[PDB]
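Heads up, the chain below is alone and in the form solved without adenosine-5'-diphosphate; it's given as structure tokens.
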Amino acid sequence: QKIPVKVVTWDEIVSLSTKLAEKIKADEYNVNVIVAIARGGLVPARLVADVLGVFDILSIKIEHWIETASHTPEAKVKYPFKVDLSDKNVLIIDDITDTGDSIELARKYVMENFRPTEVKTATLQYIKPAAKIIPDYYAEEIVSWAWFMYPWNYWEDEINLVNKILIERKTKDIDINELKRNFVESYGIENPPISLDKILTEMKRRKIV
């Protein structure tokens, strides 16, 4: 029914990214290479590279799997590969961390497969509740758990949010004005970044409806 949803703007992304970079400047960690976790860490990685002056950005695709019956969570590196990053200080970046599985995994992967001089980890945001393993750097500690909608996820996030509504309410003949109401009601968003008509058009194109 109701989900806590914060729409993050580009400006906030800039603020958070800049704040994260500034912590790294202050700690005097000399980053040679940034490894972005795809897809979440791509944008933050690029912005942080701009502020710090990093030229070498790489990325690793990380999948998140759940086992149906046991509800066991497993993160996995898709399209694994290796390169020689020895003599380098590596910074690993992702958008947001909770259980810390992704960054834990990426850190491990990077140590064994790229063998850098040193690895550190960073995210724009970290949720302290779910926090299992905690990132070396972060822009902002989240206290109030929420669903953060990032500007590089507006489409995907709105699609899923609209699907949760379509599934619960058993809507057959979708009404746009009805949807906007359900949306404002479940999520608190009266003006979604992508207009909900575009979202439906695209859900159709994708054979979701």
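We number the residues from 1 along the sequence you see. Between two forms, the rigid core is defined as the largest C-alpha subset superposing within 1.5 Å.
Beyond what is shown, the protein has a form solved in complex with adenosine-5'-diphosphate; the following relates to that form.
This chain is drawn without adenosine-5'-diphosphate; in the deposited complex, the residue among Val110, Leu85, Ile127, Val77 with a heavy atom within 4.5 Å of it is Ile127.
Taking the partner from elsewhere, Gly100 is found to have a heavy atom lying within 4.5 Å of adenosine-5'-diphosphate in the deposited complex.
The closest heavy atom approach of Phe148 to adenosine-5'-diphosphate in the deposited complex falls within 4.5 Å.
In the deposited complex, adenosine-5'-diphosphate sits within 4.5 Å of a heavy atom belonging to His64. From the list 180-188, 139-147, 167-175, 49-57, the contact stretch for adenosine-5'-diphosphate in the deposited complex under a 4.5 Å heavy atom rule is 139-147. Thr171 is the only residue from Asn160, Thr171, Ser59, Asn30 whose Cα shifts by 2 Å or more between the shown form and the other one, the rigid core being superposed.
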